[PDB]
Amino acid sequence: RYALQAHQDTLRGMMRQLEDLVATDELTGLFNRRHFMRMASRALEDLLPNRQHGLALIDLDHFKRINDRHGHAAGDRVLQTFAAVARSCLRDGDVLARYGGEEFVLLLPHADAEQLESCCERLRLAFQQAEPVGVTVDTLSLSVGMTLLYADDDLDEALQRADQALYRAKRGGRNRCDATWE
């Protein structure tokens, strides 16, 4: 019995492992939230002292609104459109992942606060001119919350400040790129 329970606890734990190999969201072909969590930790510890990484939270403006008028299948093709447009804007080695139903998250290896600032505009503007095929959408905009990733940073804290920057960008009228501590 106790033997069976220990045994089955082992198997469940294997299942958990298997579930970590499922590292990507099929819809958008980006990495999922949990795999990002695990990747970013790994990245933060590799950082030399006095070095930084780029980190941004990306939210699609009025996404929930698109679902009602255009139905759900449309709103998903919007999400796939962001993935496509982002894949095209981003350089190799940069980390993009799907952070929530409506949100994405970014990490840029060894990136300056100006490099940071630059990429987010490029992305954001590219979503404005974005043309999701087979869906006739009136408006397309995203807002960004940025910050940086210093050595000995705490991730839950690091994510809180980019979100702050993002929420402030959401009140700033949307289609806004806002930063925290540069």
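Residue indices: 1-based, along the sequence shown.
**Student:** Per the PDB record, is the mean Cα temperature factor higher over 138-146 or over 24-32?
**Tutor:** Of 138-146 and 24-32, the stretch with the higher C-alpha B-factor average is 138-146.
**Student:** Which has the higher mean CA temperature factor in the PDB entry, 119-127 or 152-160?
**Tutor:** Between 119-127 and 152-160, it is 152-160 that shows the higher mean C-alpha B-factor.
**Student:** By the record's CA B-factor, is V78 among the lowest, middle or highest third of residues in the chain?
**Tutor:** CA B-factor rank for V78: lowest third.
**Student:** Among the modelled residues of this chain, does the Cα B factor of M39 put it in the lowest, middle or highest third?
**Tutor:** CA B-factor rank for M39: lowest third.
**Student:** Test of reading the entry: by CA B factor among the chain's modelled residues, which third contains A111?
**Tutor:** It falls in the top third of the chain.
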